[PDB]
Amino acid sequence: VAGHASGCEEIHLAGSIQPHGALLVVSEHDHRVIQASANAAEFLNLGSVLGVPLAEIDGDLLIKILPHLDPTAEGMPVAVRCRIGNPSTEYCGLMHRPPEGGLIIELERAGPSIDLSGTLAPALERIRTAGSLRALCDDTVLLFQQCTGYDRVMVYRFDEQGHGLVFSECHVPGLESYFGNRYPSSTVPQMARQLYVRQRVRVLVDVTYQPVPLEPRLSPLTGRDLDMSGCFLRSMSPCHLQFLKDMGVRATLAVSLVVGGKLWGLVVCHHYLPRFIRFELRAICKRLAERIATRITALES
């Protein structure tokens, strides 16, 4: 198709995911899958997925999520551990409910317990006793690097006009240093900063990925695009991916620092090969970011 009609987006309405997980959307009157990422049946080792009742999916997903489905104030979002498919694989399933559109379950392959409590006790002490923002942010990048193994870790700070600053940095020997560089606010646009106040960790596994569309794209329950604000698998803005490609970065982890309800900064990690961190380690990063934000609050008071 050509002609005139043929031929800086609402990032939370991406309609697609990154390929290192599967996404199911479930209607809760009948507990059937009403949307799924196009890769779901392959990824989960299932013959079919769309339209299938959870009870009929090979494995124990339904039994595992049942205890968390009734309304509760201390409930979702919540992660469960289950087995799915034939051949059966273990998964971690992250569940949340968008405002409308049903119940979202995002599934990643499970791995072993991560045993970082002995690293964490002293990390927490270093955080709670940091005497300045300089000290705190320097310790932050070191701690994150140790925990996560990324080739570069930065604290990226926002000012009141939204401009960005690389306030702290560590990196593997021999790499480029971005320490102290400034960037325009347009590089992390307002709608993205607002999203990051609600969705506190983002992982981009491979910047060169091909997005995996939701099928159907539009929610059967709303007739609108699915609100993917809370989706950890959400596909990321092409404009941002191009930015990272032009720097040669292959993978990223970002963790929000939220102070007084505002996005104060990000812990931003780069890797020069594809990289994924699983749910348990993401949870630790989030706990660390809350501890750091508490200390920023005190230091700024």
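All residue numbers refer to positions in the sequence shown, first residue = 1.
Pick one of none, 1 to 3, 4 to 9 or 10 or more for the number of deposited-sequence residues not modelled between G7 and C8.
10 or more residues lack coordinates between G7 and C8.
With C8 and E9 adjacent in the shown sequence, let me know how many deposited residues between them lack coordinates: none, 1 to 3, 4 to 9, or 10 or more.
In the record, 1 to 3 residues between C8 and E9 lack coordinates.
Mean Cα B factor from the PDB record: higher for 272 to 280, or higher for 65 to 73?
65 to 73 has the higher mean C-alpha B-factor.
Please compare 122 to 130 with 139 to 147 and say which has the higher mean C-alpha temperature factor in the record.
Per the PDB record, 122 to 130.
Highest CA temperature factor in the entry: which of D206, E108, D159, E169?
The listed residue with the largest C-alpha B-factor is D159.
Say you rank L233, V259, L253, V33 by Cα B-factor from the PDB entry; which sits at the top?
Comparing C-alpha B-factors across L233, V259, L253, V33, the maximum falls on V259.
For the chain shown, is the CA B-factor of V188 in the lowest, middle or highest third of its modelled residues?
Ranked within chain, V188 CA B lands in the middle tercile.
Could you say whether, by C-alpha temperature factor, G59 belongs to the lowest, middle or highest third of its chain?
Middle third by C-alpha B-factor.
Relative to the other modelled residues in the chain, which third contains the C-alpha temperature factor of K245: lowest, middle or highest?
For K245, the deposited C-alpha B-factor lands in the highest third.
Among all modelled residues of this chain, ranked by Cα B factor, put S27 in the bottom, middle or top third, i.e. lowest, middle or highest.
Lowest third of the chain for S27's C-alpha B-factor.
For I17, does the deposited CA B-factor place it in the lowest, middle or highest third of the chain?
According to the entry, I17 has a C-alpha B-factor in the chain's lowest third.
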